[PDB]
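Report on the following structure.
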Amino acid sequence: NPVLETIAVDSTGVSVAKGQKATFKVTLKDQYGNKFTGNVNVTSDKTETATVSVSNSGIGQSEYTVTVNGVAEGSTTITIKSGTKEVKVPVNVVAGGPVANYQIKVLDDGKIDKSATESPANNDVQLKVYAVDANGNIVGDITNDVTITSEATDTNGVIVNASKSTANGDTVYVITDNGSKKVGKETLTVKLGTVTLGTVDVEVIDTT
Ligand SMILES: [Ca+2]
Ligand SMILES: [Ca+2]
Ligand SMILES: [Ca+2]
């Protein structure tokens, strides 16, 4: 019978400037490598350095997003625990250097399900764009500063809307279906004014 075996994580360590936040994903797995539903606790072992929170208040799922807030320069660890299992994830909070490059981050699964009845509902993609210094530290969230667009004229039957959603000083770019007739990839272009920063492909699926 399946038991929790691994608290899988998509980060080997968080690197963030003071005053910035960064995210990573947890996936609970059984001994066979399949998803396992269980609850999780997240704790910072030095809250004066960094604080931490977890999506869905850490209940009822096999996948969670952990958010780390850089409070003051220093190093610490995030401990993620479920039952007898734990993972300690390194955290480094730095002053932060000048911007070296950008990361286009997909917060969800990167998919929009144009089915009328999927459960759980899966009707968007959520994007952030980060500024990153030469050492790989997140030094800014520039999601509000960028413009994200798809092709002006549809050429593949996949049609999406992209809209900035801003509250309490935090911006997410939210992608939704806009009358897609087909499934497939749609290329989004990310620009800072007239400068192209990169592209990201979102996917429309249909699980009906
Ligand atoms: Ca999605
Ligand atoms: Ca749907
Ligand atoms: Ca299209």
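Please note: Cβ atoms are built from the backbone with ideal geometry, for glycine as well, and neighbour counts cover all protein chains shown. Derivation of every value follows stated rules applied to the coordinates shown; laboratory data play no part.
Observations on the model:
- In range of the label at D145: residues from segment 167-208 whose backbone nitrogen is under 11 Å from the point 7 Å along Cα→Cβ: 192-193
- Computed over segment 1-95, the percent of Cα pairs more than 18 Å apart is 41.
- Residue-span extension gain [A134 to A100] - 0.36 nm each, minus C-alpha spacing: 11.7 nm
- Inverse of mean 1/r across different Cα pairs in segment 96-208, Kirkwood, Å: 14.9 Å
- Relative contact order of segment 96-208, pairs being alpha-carbon contacts under 8 Å that are 6 or more residues apart, as %: 29 percent
- Relative contact order %, segment 1-95, counting alpha carbon pairs below 8 Å whose residues are six or more apart: 33 percent
- Computed over the chain, relative contact order equals 17 percent, with contacts defined as Cα pairs under 8 Å that lie 6+ residues apart.
- Between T196 and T65, the C-beta separation translates, for a Förster distance of 35 Å, into a calculated FRET efficiency of about 0.80.
- Taking amide H positions as modeled 1.01 Å from N, with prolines and chain starts lacking one, the residues under 5 Å from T51 and 5 or more places away or on another chain are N69, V71.
- Scaling against 2.2 N^0.38 Å puts the C-alpha radius of gyration of the chain at 1.11.
- Pairs of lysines in segment 103-208 whose Cα atoms sit within less than 17 Å of one another amount to 14, provided the residues are eight or more positions apart or on different chains.
- Compared with the alpha-carbon gap, the fully stretched path from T43 to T166 is longer by 41.5 nm at 0.36 nm per residue.
- Of all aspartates and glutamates in the structure, those lying under 12 Å Cα to Cα from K18, and not within fewer than 8 positions of it along the same chain, are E48, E73.
- Taking trypsin sites (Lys or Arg not before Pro) as exposed when their DSSP state is a loop state and no more than 16 other Cβ atoms lie within 10 Å, the longest site-free interval of the chain runs over 47-180.
- Neighbourhood charge, 11 Å Cβ-Cβ cut-off, centred on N144 and excluding it, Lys, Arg +1 and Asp, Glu -1: -1
- Taking Cα centre as origin and charging only the Cβ of basic (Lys, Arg, +1) and acidic (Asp, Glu, -1) residues, the dipole magnitude of segment 1-95 rounds to 60 debye.
- The string of couplings for segment 154-161 from the Karplus curve (6.51, -1.76, 1.60, θ = phi - 60°) is 5, 10, 9, x, 10, 9, 10, 9 Hz, one whole number per residue in order, with x for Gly and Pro.
- Extended-chain gain in nm, criterion 0.36 nm per residue less alpha-carbon gap, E118 and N178: 19.9 nm
- Between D10 and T155, the C-beta separation translates, for a Förster distance of 45 Å, into a calculated FRET efficiency of about 0.85.
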